[PDB]
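Have a look at the structure below before the remarks.
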Ligand SMILES: Nc1cccc2c1C(=O)N([C@H]1CCC(=O)NC1=O)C2=O
Ligand SMILES: [Zn+2]
C-alpha cells in the first residue's frame, strides 16, 4: 500500500510557511582543524548530518543572533547533550540555514527558519557570554574516507577486470543472489595472497554493506529502490542513522565514529540486535512490532517537526499502535502533514503525551491507520 | 622513542612487469625485469639469461615501457613509481663501473583528486611524441617529451567519461591517436580521440564509437600495416578499423578471460595471450589479403599451445623462447617448439627462477641438530602452492610442490612433523559429487580420512574443499590428509600442549560459510592428536561464530569467536571448557601474546590491548588506539612496543606510556614510529637466521622479528640502543649527500609515511639498506661521509671518528642477517 499521498510535502514542512526566502548553499570549513560558532540554547536533540530541522524562536536574544548570522556566515552549533543536563556535552554538529522567513504578524520574535546539518565537531570548553548566545571553541572533526580494501595487494595484471556492469534490472530475485556471488568472486579475486578468505573482505566492503542495509530497509517498508538514498556511503550512512528508532546514547556513539565502513557495520549490528520498544514508565508496549514500520516521508520513518508553542518534537510513523487512548476531536488547524488531521493520542497506563492518531480526510488515503510517536518516552529494550 | 631497525635479508623476487628493447646497446637484446623496489637488467644468449646489473630504485615500479626518441643510439627507459616519482633513465657503460644516469626527474601527482580505481596506466606514442598517463579519474595526464623538457611538466586534459577500462596508443597515424573503452549504463563502447599538443585538448577521432561486448577488458594495438585495435573480451576477440570489422567467438577461451599479452612479430602477424588459469594461447592474424598494396585481416583464429605457470607478464625473446613471468607462482622460460608435440602440448620447461611470494604464513624451526633456524614458509597460490625452506648458509631455497594452495603452518616437535592447511579448487559436476581437476598433494597422501560429525549447486560453479596435511620434516612427503565437512572453511591452526596433558595436540579452528547468509553463524574447534601415523579427533567443540585466530596461555587455549575473545581450559576429560569472556566492539582477527599482555587487533587498525589478571580471572582492558586504516599484520615487539603494518605498505610502531601520571593518557596509545616499507606484510614471527651464540657482549641489536611479504622478501626488524639510534640517524642523514640514486628520488620521500589523506616524515626507524650500502661506497667518498660524527658516546668521543670505526659499526649490524 502507498495510501495515495505524496511523501515530499511532509519533508518541505509546508505548514511552516509558503513564501520562503531561499538561501543558496555554499559553505564548508577548515577540513580537520578548529573554528568558533554561536550556539542556540533551549534545544536538546542530536542532529545527524543530512537530517532537516525546523526552528521556532521567541526571545529577543536568539532572534537577534539569527539576524546577525544571516548578515554573516550561516552556521550555528547544536551541541549533542548527553543524559546529564547543564552543559554536559562533548560533541556537536553544525547547522546550515537554507530558508528564512519573518512572518512577523503580531510579532514578538517570530522566525520561520529550517536548518540542515553539514559537519561534525568537538568542543574543548564551553565559553559563556553574558549576551545570551554562548560561543564555543570547536575542532571540526575529520571525515575519513577509506580506499578499496583490495587496492593494497591488487595485481597489475587483473586491474582491468574491476569495473563491473550495472545491476541487472533492479530489486529482483535470482538477479541479486546470483549476481552477488559473481561480484564477490571477481572483485575480491586477489584475497588469496593475504592470509584471509574472500568473505572476510566482503564483511568490510562498502557496496555489499549498503546492499544488505537496503534489503533490510525494503523488508521493513515498501521503499522505491533509489528513493533519495544517495549512492555515496557517507550520505547513505548518515541518512540511515538518522532514520532509525534508537536511543540517544547509541546515536551519539554512531556520531563518534569517523569512518563510513565502521559506522555501517555498527549500525547493521545495532538494528540487527534491536527488536523491542518500550513506553519509558510503562513496563512494555505494543510498539514492539518494529517490523511493521513504514515511512510516510522522503527522509525516512523519523523526521524533525515543530509545535506552535516551542521546543522541536520527534515523530515515529507506525502503521498500527495499540496500548493507547484517544482524546479530543480530530483537528487540523496546525497539522504536520497537509492532507491529514491530527488527534492527540495519549497513553493507556502512564498517560504520557506521546502519540498522535491521524484519521481519514479524503477517499484515497489511509482511513484511521497512522500514528506518530515520541522518542522522549520511547526506548529500545 | 622506538629506535627500531628494519633491514632486508632476501631481496624481493615477485615479477610485475617485463619489457624488451635495445637498452644496453643497439646490438644486444635485453629483458628488463621489474620486480618491486629492485630492477634487474638481463642479456639474452643462446644458452639463456646472463644477469648484468642489480639496481634498486627508491619506489615501487608501476609503469615501465621503452621508447626511442629521434637522434638516439640506444633505447632510453621510462619508469613511473607508485608515489608518482617519474624519471627517465639511460644506460651507459663507464669502464666497468656500469651506472644508470638519470635524464630527468620530477613529481607528477596532483594536489586534489582520487586515484583511479582501475590503476595507473602508462602509454607512449610509437613516434615518441609524448608520454601518456591516467592517474586520476577524468584526468588523462599528458607529459610532453622534448630535449629541453628536463622537468616533466604535465598538463591535464579532461576525459568525457569517468570509468575508463584501458587506453593504449594506436599505430600508423599522422597525428597521435588513443583508443580506449569506457563504462556507461547503456553499455561499453570504444571511442577514439586525436590528442593535439598545440591546443592541449582533445579532438574528433578517426572512426566513430562502436558498441562492444559487455565484458571488454583489454585492448591490443595492432601495428602496421594492419592498424586499428583488437578488443579482447571474456568470450570474443574483436577487431576495429572503422570500415573493417572482424569478430570471432571461439569456445577455447571460454573457461577464463585473458589478462595479459605481448607481441611476437614486428608486423604483429602472431600474438601471445595469457589467462589466470595458466595456459598459453596463441592468436594468429591472416595477412594473405592484398588488394592494392594494403594488408587487411581475414581470420581471427585462436590456437592453444599448452599450460605454463600462472601468467602475470609475458615476453617473446629470440628463437622462440617465451619468458612466462609469474607473480604468485614460479617464473619460467618455456620454449615454443611446434615440432615436439609430446602429447598435445607445445611448451616444455627449461629454467625456473625462485619466487618466494606470496608468503601467507611462516614458522621458524631448527630442523637440524639444534643449530641455525629455518623459515619454513607457505608460498604460491592456486595450482602452484608449495613449501619453501630458507636456510642462511646467500639464502638456499628448496621447494616441495603441492599443486594446492596452503593457508597456514605450524611445527610440532614431539612427532617431528609439520601441520599445514590447504585449499584446492573443486568443480561441481552435475551428479551431486565433487570431481577434481588435477592430482593435488591432498589426494596423493599415504593414507586419508574424511571428517564425519552430526552436530548440525549449479553445474560449473567451483567449491573449495579444505584439508589438513601432515608432512614429515625429513622426507617432506605427505603422510595423512584429513578433510573437513562440506562448506567448512579452515582459518586457524596452532600446535601446542594444553593443561597437564603430556601429548602435543593439533588444533584447527573452522567456520562454516554459506552463500545465503553474509557472516558465519556457527563454527567448530577440533583438537586432533597425531600419533603412530593416524589422525584422530580427540575432542570437538562447537562455537556460534567464526574462529579467526588462536594462541596458547601456559596450559590454556585462547580463541576469538566473532567479536568476543574467549579463553578455553583443557580439563582432564579432554573436552574444551569456556572460562572467561570479553565482549569487544571490534571483531578480533589478530591474536599475538607475550606474557600476560594480549594484543587484539582487527582489519580496521583498531589496536586494543588486554591483560589477564590471574587473581580475579577476567580480562581487563588497558590501552586503546582507533584510526581508520587497513591493518595487515600486527606483532608485539616487547612488553611495551607493538609493531604492525597498515595501508599504503607502511609500518607503524605503537608505544604504551605506563609512566603517564594521568589516567586519560595511560588509556591511550601513542604513535611513535612510522615507516614506508614499500611492501605489504602478511605475517610476523619471532626468530633469526643467524646462529644465536651468546657472543660475550652480543651486539647493539636486541630482539628479533621476521616478516613475510606479498612480493616475497624477508626482512629483519630489530631494536636498538639509545645512542646508536642517534648515531645511525646522523650517519643516514649524511649519507644522502654522497650516494646518487637512480631517478634522483630523495630518500626521505621513499621513506616518508604515505596515505591517501595525510603524509608525515618518518621517525623512529633506521633504514638498514641505506646503512648497509655504506660498505660498497668507494674509500675517498668515505672521508666526505664522516667528518664531525662524534663517534663514541660511551667513554670518549673521538670527534674525528676516523673511517675504519664506522666500517666496524656497519659490519656488526650486517652480521645479524
Ligand atoms: N504540544 C502541542 C500543543 C499544542 C498544539 C500542538 C501540539 C503538538 O504537538 N501538535 C502537533 C500535532 C501533530 C500535527 O499534525 N501538528 C502539530 O503541530 C500541535 O498541533
Ligand atoms: Zn505509557
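Please give the length that would be gained between residue B:585 and residue B:692 if that part of the chain were fully extended, namely 0.36 nm times their separation in residues minus their C-alpha to C-alpha distance (nm, one decimal).
Between residue B:585 and residue B:692, full extension yields 34.4 nm more.
Run the helix sum for chain B: -39,500 (n - 2.57) per DSSP H stretch of 4+ residues, divided by residue count, reported at 222 nm to the nearest 500 deg cm²/dmol. Spell out each step's value before the answer.
Values: 6 runs with 46 residues, N = 817.
-1500 deg cm²/dmol, from helical runs alone.
Please find, in a Gaussian network model of chain A (springs between Cα atoms separated by less than 10 Å), the residue of A:85, A:139, A:56 whose mean-square fluctuation is greatest.
Result for chain A, Cα springs under 10 Å: A:85 fluctuates most.
When B:697, B:593 are ordered from fewest to most other Cβ atoms inside 10 Å of their Cβ, what list results?
Details: B:697 6, B:593 16.
Ranked by crowding around the Cβ, least crowded first: B:697, B:593.
Find the all-direction average of the projected area of the Cα convex hull for chain B, expressing the result in square nanometres with one decimal place.
On the way: hull surface 162.0 nm².
The orientation-averaged projected area of the Cα hull of chain B comes to 40.5 nm².
Using helices alone, what [θ] at 222 nm do you get for chain A, with -39,500 (n - 2.57) per DSSP H run of 4 or more residues, divided over all residues and rounded to the nearest 500?
Numbers: 8 runs with 78 residues, N = 381.
Rounded to the nearest 500, the figure is -6000 deg cm²/dmol.
Quantify how strongly other chains surround peptide B:702-715 by giving the mean number of their Cβ atoms within 10 Å of each of its Cβ atoms.
1
For A:84, B:717, which order do you get if you count the other beta carbons within 10 Å of each Cβ and list the fewest first?
A:84, B:717
Report the label-to-label distance for residue B:175 and residue A:143 in nanometres (one decimal), using points 7 Å from each Cα along the Cα→Cβ vector.
Between residue B:175 and residue A:143, the label points sit 4.1 nm apart.
Which of B:291, B:713 comes first, and how do the rest follow, when ranked by fewest Cβ neighbours within 10 Å?
Final ranking by Cβ density, sparse to dense: B:291, B:713.
What full-extension length gain, to one decimal in nm, is calculated for residue A:249 and residue A:122 as 0.36 nm per residue of separation minus the Cα-Cα distance?
Extra length available between residue A:249 and residue A:122 comes to 44.1 nm.
In degrees from 0 to 90, rounded to the nearest 10, what is the angle of the helix A:177-187 Cα long axis to the longest principal axis of chain A?
70
Backbone-built Cβ (ideal geometry, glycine too); neighbour counts: all protein chains shown. Any read-out appearing in this document is the output of simple, stated calculations on the displayed coordinates, not a laboratory observation.
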